[PDB]
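This document opens with one chain alone, in C-alpha cells, the form deposited in one PDB entry.
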C-alpha cells in the first residue's frame, strides 16, 4: 500500500510514496520515465533511509518549482536531484534514480488540489509487488547510503544518518 503526506509549506500539495519489490520491467520503466509516459519520480529505494528524506526533497522541489527556479527540467527530476549531496545534476539523476537492474523501485509523485494521478494505472505499469512503505528498511542498504553521501564518523557521533543526510540536502545549494 501507499504512504501520503501533506506538505506543510504548500498545504494544497500531497506527496505520495509507492514502494515495489521484485521489479522485473526495470529498464522499461526507466525509459518510460525519460519519455514522460509514466507519472512521478523513479527513485533508488536502497539509499532512502526515511520518508522524511523524500519529503524534504519534495518540499524544496515544490518551492523552486513555484518560483520557476529549479535546477533540473521538471518537478519529477527536481525531486530526485534534491536527494543528492552534491550539485552535479547528471551524477544525481543517475545515482538516485533507478538502474536497469533494479528489483526495488520507489515512486514519488506530487498532486496539487484535486488534480489526481491515476494511481491504479501507475501501479498497473510495474511488473513487481507493491509493498507497504514499512518495508523500506529491508530495502535500504546502510552501506550504500554511508558511501553515496560520504557520511563521517564525526557525523555519526552527534546525530542520526538521516540528520546528516538532511543537512547536506538542505544546504548544498549554498556550498
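In this text, rigid core is short for the largest set of C-alphas that superpose within 1.5 Å between two forms. Numbering follows the first chain given and starts at 1.
This next part talks about the form deposited in another entry, which is not shown.
- After a core superposition, would you say residue 9 shifts its C-alpha by at least 2 Å between this form and the one not shown? Where the cores coincide, residue 9 shows only a C-alpha shift between this form and the one not shown that is less than 2 Å.
- Query: Would you say residue 69 moves its Cα by 2 Å or more between this form and the one not shown, aligning on the core?
  - Reply: False for residue 69: its C-alpha shift is below 2 Å.
- Message: Rigid core superposed, CA of residue 22 - does it shift 2 Å or more between this form and the one not shown?
- Response: No: residue 22 shifts by under 2 Å between this form and the one not shown.
- Message: Taking the cut-off of 3 Å or more as given, in which direction does the distance between the C-alpha atoms of residue 157 and residue 50 change in that other deposited form, closer or farther?
- Response: Pair moves closer in that other deposited form.
- Query: Versus the form shown, are the CA atoms of residue 138 and residue 157 closer or farther apart in that other deposited form, given a shift of 3 angstroms or more?
  - Reply: Residue 138 and residue 157 sit closer together in that other deposited form.
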